[PDB]
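This one is an experimental structure. Sequence first:
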Amino acid sequence: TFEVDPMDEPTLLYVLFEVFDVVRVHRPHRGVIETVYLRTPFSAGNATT
Amino acid sequence: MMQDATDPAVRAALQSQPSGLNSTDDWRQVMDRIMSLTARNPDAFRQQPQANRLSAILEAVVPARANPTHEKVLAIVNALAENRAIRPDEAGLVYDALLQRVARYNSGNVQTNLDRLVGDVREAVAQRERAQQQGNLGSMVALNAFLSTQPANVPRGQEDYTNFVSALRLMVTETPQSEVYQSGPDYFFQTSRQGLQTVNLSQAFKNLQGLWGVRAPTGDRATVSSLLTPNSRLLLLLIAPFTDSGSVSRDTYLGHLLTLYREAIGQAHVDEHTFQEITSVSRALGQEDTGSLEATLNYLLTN
Amino acid sequence: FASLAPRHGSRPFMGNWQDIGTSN
Amino acid sequence: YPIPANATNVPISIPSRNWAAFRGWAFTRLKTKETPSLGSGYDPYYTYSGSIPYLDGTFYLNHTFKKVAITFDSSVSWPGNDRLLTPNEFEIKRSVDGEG
Amino acid sequence: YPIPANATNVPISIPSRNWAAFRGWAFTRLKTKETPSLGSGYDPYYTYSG
Amino acid sequence: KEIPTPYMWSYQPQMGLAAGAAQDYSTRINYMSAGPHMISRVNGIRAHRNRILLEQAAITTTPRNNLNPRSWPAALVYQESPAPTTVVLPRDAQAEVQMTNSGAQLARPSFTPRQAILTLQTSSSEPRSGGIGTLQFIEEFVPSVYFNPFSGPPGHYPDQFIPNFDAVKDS
Amino acid sequence: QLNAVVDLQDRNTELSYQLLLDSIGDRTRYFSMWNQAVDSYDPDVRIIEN
Amino acid sequence: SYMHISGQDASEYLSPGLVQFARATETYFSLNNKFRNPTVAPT
Amino acid sequence: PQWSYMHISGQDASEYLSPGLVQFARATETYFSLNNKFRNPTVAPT
Amino acid sequence: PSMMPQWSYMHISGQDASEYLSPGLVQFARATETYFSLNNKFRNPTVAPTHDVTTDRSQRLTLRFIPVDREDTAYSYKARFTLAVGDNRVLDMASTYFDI
Amino acid sequence: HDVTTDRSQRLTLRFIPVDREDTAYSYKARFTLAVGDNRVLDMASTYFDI
């Protein structure tokens, strides 16, 4: 529940949940980038896009 | 090398009395240090500032009575935490409730006992810590109730059970730690592991009293011995790493299956040494080798 | 000398030093 | 799992359970008006006696699908093991952003 | 998710996610005309470069 | 006591440690007893499976001690491959000082050949600690059965069995 | 040709860079090409000294 | 856990041979950056 | 003797005291700023 | 090479602060510090050898790259580069930019 | 276990030609593609996205 101050104009309540973003750059060949990005309070499937 | 439970009279001393220099208690240690007699560096007292130099002289030459009660009463209450006579969050109440008790009775014969009881209660931690490793104490007394209630030495069919009497007693003596013969319900039952994933009834064993001596067919599971419950079957596989020779391996399954329970263990420790190698060689295979378990299945089925 | 300075906590002198050279 | 008008965000909420028999996933679309949540004889929802998707393979809103991205252990996606172009998302349709 | 014209009461929308190791939160509101909801390169909703 | 299901460990990946064991139902067969001629089969086929999951539990992993430890060393759980491959350089370390600053600009080496290589190890600097990294979960805790549910109230029960559980304190 | 960086819209990749140059120490002295000149109001206008 | 975020220490998930030249001949690049350092916290 | 029991003719913070929370003073600094929670003495030389 | 020639007297050939000092003055700079704040008085020589750095060779530092094809659409500018780093091109990413 | 891959591998390679050539009728491209050191490639599934 976000019982906040009433305002004049439509505003986007852009909430940020602190969720870590790590990209490990595995480089087993000179000039090859193979990476996976994952988050902790976030599964990489279920999201708003 | 490892330690016993961190000495309960010393843990409470660790948190109360001075660490570096107790000038009265370690008198001839400070006196050795101030006389320039210490082997590390003699003039460690000479090169020190003059004011704290004097503080060492006044305190060591005239020994000052330091407070001993709070490292004696806490020595009991922290032993009460290690012997588990109180909970860890109870350290606020019992520490001072007995200090308020000795505030009323500072000066009877009771505190002369108290320090003798300090040496008794600290030893009671050391006695029980060596005694909980051998959980035989809450097991043998429980087995005494099992041996008395259950009718002993009555196989009037055929007798192989006299060997089995000692077989249950060997389980108490060999493995003592988590092996508790708990008497929750009226049926007796033994736990083997700290989490109890094979805790069957020793009164499911009462199915064996009519099967102490019957006829054997041939070498394949018998035409009669299908009655043996997976409950009692769980017990007979659990006594198997304890007793082998004694029960007749040719007259009933008390012995023939007990030799066959060793076949289950005999395959297990071989496959243990088999699995620890194929899983270890995962750099050269590069696959989830379930064939390590499939060969284990093949070495039990196709025989 | 260990006697030469006034030190904190019953210890004469305590932490050793290093000063940087000009060029860089 | 009923879903309201002009919304685009809905996942399945099932935690740790049994899975010992599984060939895979299947999904189609159906109206709430033509057929309801079944289990009863004559429930307070019927009012459209028309052609129902659940009977004759009468499905139609099967084109109205964007992405169905899978999760296997409530942290990593099922394509986590990078098998597709998209790392996690199961894009069924993308309208003109990279013709490729 | 937006707060309409005059809003004193507003709920949350997203239901199912898994949370294992957090850190905290942060929030600041923003007008719809001032900054667009991202999607396309060109926007008539953001014709207010201020 | 007589008919329980084999318990199945629930998982959380990035932690490495399993949450706790739970029974299977969405594939569990009908227990409406078919008759006296099939009751021994539905209790019998399951009985040998109970020994299938019991035997492999001691083979796949060493028997249970700390049922769920987060502070976990590597012994059966494998530390990644320790093998380096070292190659030489087209240009030398000491055969370059003679030329560029003096006059002759530079742009096996076909000037003055030398052979000098040094190999250093590839292995993880210090041993693997914490939870399971990549994929060693099945080999660490194989689905195992407690065939007598909560037999023993106050002493001990299935402890780390609960998903709502940490090793420090119960409850 | 495995996609190296594949971040979605629920990520502020552009706007994460704002915080990194704030927490560096001082952004009070300005960079030319990167225009690190912080969009900073004066306290004289906001909280009006009246 | 193999990503060094449920681990114990930073310099122990890479190679020990690369560790040597990091505090005596490092002034050419101030590098405690290319692989992130995690920290332990009581829970 | 009572002069230096007031932590006046002491050498240092973590050292002159009982080792019960000496372990904890070195581990805790951000939870509690413990260095300003106790007297640290400094004395005149020879 | 032999690193003890003419700077030996001047003590420049030296490797630390207490190197060409009399070893009885270490406990006055360190211990009685703010009193005798003296360690740069005897200026300690630097530790910058020839060991791994020296490249007496035509080594490239700043190289240009300009795209293959051009697309001049109003909303999204596209530029395709096919970058190639040969050998020993050891750049740290924050160096690279795009000259608009 | 004696069949299809368990380790990570992408099914498709979204490849771009290095050099370009356009002229009166021809649309030349000299694409430099090397088949992965272990994995195989099918020609009936190979096409051009223009």
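On my side now, so go ahead. Numbers count the residues shown, from 1 in each chain, chains lettered A, B, ... in the order given.

Distance check, residue D:36 against residue D:61.
Remark: distance between residue D:36 and residue D:61 (C-beta to C-beta, to the nearest Å) = 17 Å. No exception for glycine: its C-beta is placed from N, CA and C like everyone else's.

Which one's more surrounded, the two?
With neighbours defined as other C-beta atoms under 10 Å in any protein chain shown, residue D:36 and residue D:61 compare such that residue D:36 has more, 14 against 11.

Can you name the residues of chain H that neighbour chain F?
H:1-3, H:5-9, H:11-17, H:19 (C-beta under 8 Å from any C-beta of the partner chain).

Repeat the analysis, applying 10 Å as the threshold.
Contacts of chain H with chain F, taken as C-beta under 10 Å from any C-beta of the partner chain, map to H:1-20, H:43.

Out of those residues, which end up buried?
Neighbour-count burial (16 or more other C-beta atoms under 10 Å in any protein chain shown) applied to those gives H:1, H:2, H:3, H:4, H:5, H:6, H:7, H:12, H:13.

which residues sit in contact with the spatially most central residue of chain G?
Residue closest to the mean C-alpha point of chain G, counted by C-alpha atoms, centre = their mean, is residue G:18 at 2.5 Å. Listed by C-beta atoms under 10 Å, 6 or more residues apart in numbering or on different chains, the contact set of residue G:18 reads G:12, G:38.

Helix or strand: which one has it?
Per DSSP states H and E: residue G:18 is located in helix G:17-20.

if we take the buried ones among the residues of chain H next to chain F, which one ends up nearest to chain B?
Among these, residue H:2 lies closest to chain B (C-beta to the nearest C-beta), at 15.0 Å.

From residue H:13, how far out is the closest one?
From residue H:2 over to residue H:13 the distance is 8 Å, taken as C-beta to C-beta.

cool, residue G:4 as well?
Computed with C-beta to C-beta, the distance linking residue G:4 and residue H:13 is 21 Å.

same thing with residue F:11?
Distance, residue F:11 to residue H:13, using C-beta to C-beta: 22 Å.

can you check residue C:6 too?
47 Å.

how about the nearest residue to residue B:51, chain neighbours excluded?
By the measure of C-beta to C-beta, 6 or more residues apart in numbering or on different chains, the closest residue to residue B:51 outside its immediate chain neighbours is residue I:43, 4.9 Å from it.

The one you found contacts residue C:5, correct?
No - the criterion here is C-beta atoms under 10 Å, and residue I:43 misses it with residue C:5 at 11.1 Å.

do stretch F:81-90 and chain H meet?
Yes - using C-beta under 10 Å from any C-beta, stretch F:81-90 reaches chain H at residue F:84.

Mind listing residues that contact that stretch?
B:282-284, F:108-110, F:114-124, H:15, H:17, J:87-88.

in the stretch 101-250 of chain B, what residue is nearest chain K?
Nearest residue of the stretch 101-250 of chain B to chain K, counting by C-beta to the nearest C-beta: residue B:197, 28.9 Å away.

Is residue F:24 in contact with residue D:18, as I believe?
Yes - in this structure, residue F:24 is within contact of residue D:18 by C-beta under 10 Å, at 3.9 Å.

Can you work out which residues contact both of the two?
Counting by C-beta under 10 Å, 6+ apart, the common neighbours of residue F:24 and residue D:18 are F:5, F:8.

picking up where we left off before, ok, the buried ones among the residues of chain H next to chain F vs residue B:29, which is closest?
Of all those, residue H:12 has the smallest distance to residue B:29: 41.8 Å, by C-beta to C-beta.

And the residue nearest the centre of chain F?
Most central in chain F under C-alpha atoms, centre = their mean is residue F:136, positioned 2.3 Å from the mean C-alpha point.

now the residue of chain F found nearest chain J: how far from chain I?
Of all residues in chain F, residue F:100 sits closest to chain J, at 3.7 Å by C-beta to the nearest C-beta. Noted for residue F:100: a distance of 53 Å to chain I, by C-beta to the nearest C-beta, to the nearest Å.

swap in residue B:40?
16 Å.

How much space separates that residue from chain E?
49 Å.

Helix, strand, or coil at that residue?
At residue B:40 the chain is in coil, as set by DSSP: H, G, I helix; E, B strand; the rest coil.

burial measure for it, as a count.
Residues near residue B:40, counting by other C-beta under 10 Å: 6.

same question, residue D:52
For residue D:52, the count of nearby residues is 14 (other C-beta under 10 Å).

from what I can see residue B:62 touches residue I:3, true?
No - the pair residue B:62 and residue I:3 does not pass the contact test of C-beta under 10 Å, sitting 11.5 Å apart.

before we move on, the earlier item: what's near enough to touch the residue nearest to the centre of chain F?
B:279, B:282, F:16, F:74, F:76, F:77, F:78, F:128.

Leaving out chain neighbours, which residue sits closest to the residue in chain A that chain J sits nearest to?
Of all residues in chain A, the one sitting closest to chain J is residue A:31 (6.6 Å; C-beta to the nearest C-beta). Excluding the flanking residues, the one nearest residue A:31 by C-beta to C-beta, 6+ apart is residue J:85, at 6.6 Å.

now do residue F:6
Nearest non-adjacent residue to residue F:6 (C-beta to C-beta, 6+ apart): residue F:145, at 4.7 Å.

residues contacting the one you found?
B:197-198, F:4-7, F:21, F:23, F:49-51, F:53-54, F:57.

want to try JSON lines for these, with neighbour count as columns?
JSON lines is the format used below for these (neighbours: other C-beta atoms under 10 Å in any protein chain shown):
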{"residue": "B:197", "neighbour count": "22"}
{"residue": "B:198", "neighbour count": "18"}
{"residue": "F:4", "neighbour count": "14"}
{"residue": "F:5", "neighbour count": "14"}
{"residue": "F:6", "neighbour count": "18"}
{"residue": "F:7", "neighbour count": "18"}
{"residue": "F:21", "neighbour count": "25"}
{"residue": "F:23", "neighbour count": "14"}
{"residue": "F:49", "neighbour count": "12"}
{"residue": "F:50", "neighbour count": "16"}
{"residue": "F:51", "neighbour count": "16"}
{"residue": "F:53", "neighbour count": "14"}
{"residue": "F:54", "neighbour count": "20"}
{"residue": "F:57", "neighbour count": "18"}
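
Now flag whichever of those is closest to residue B:187.
Nearest to residue B:187 among those is residue B:198, at 15.6 Å by C-beta to C-beta.

In contact with that closest one, which residues?
By C-beta under 10 Å, 6+ apart, the residues touching residue B:198 are B:190-192, B:234-235, B:237-238, F:54, F:144-148.

What of residue B:94?
Shown in contact with residue B:94 (C-beta under 10 Å, 6+ apart): B:73, B:76, B:77, B:80, B:81, B:85, B:86, B:87.

how about a cut-off of 6 Å?
Taking C-beta atoms under 6 Å, 6 or more residues apart in numbering or on different chains, we find residue B:94 in contact with B:77, B:86.

What segments of chain A are strands?
With strands called from DSSP state E, chain A shows them at A:11-17, A:22-26, A:34-38.

chain center to the last one: distance?
Per C-alpha atoms, centre = their mean, to the nearest Å, the displacement of strand A:34-38 from the mean C-alpha position of its chain is 14 Å.

how much distance is there from stretch B:26-43 to the middle of the chain?
Using C-alpha atoms, centre = their mean, the offset of stretch B:26-43 from its chain centre is 45 Å.

ok, and what's touching that stretch?
The set of residues external to stretch B:26-43 that reach it, using C-beta under 6 Å, 6+ apart, is B:21, B:23, B:45, B:56, B:60, B:63.

Stretch D:81-90 now?
With contact meaning C-beta under 6 Å, 6+ apart, stretch D:81-90 is reached by A:44, A:45, D:67, D:68, D:69, D:77, D:79, G:6, K:8, K:10, K:11, K:12.

Repeat the analysis, applying 7 Å as the threshold.
Residues outside stretch D:81-90 that contact it (C-beta atoms under 7 Å, 6 or more residues apart in numbering or on different chains): A:36, A:44-45, D:67-70, D:77, D:79-80, G:2-3, G:6, K:8-12, K:14.
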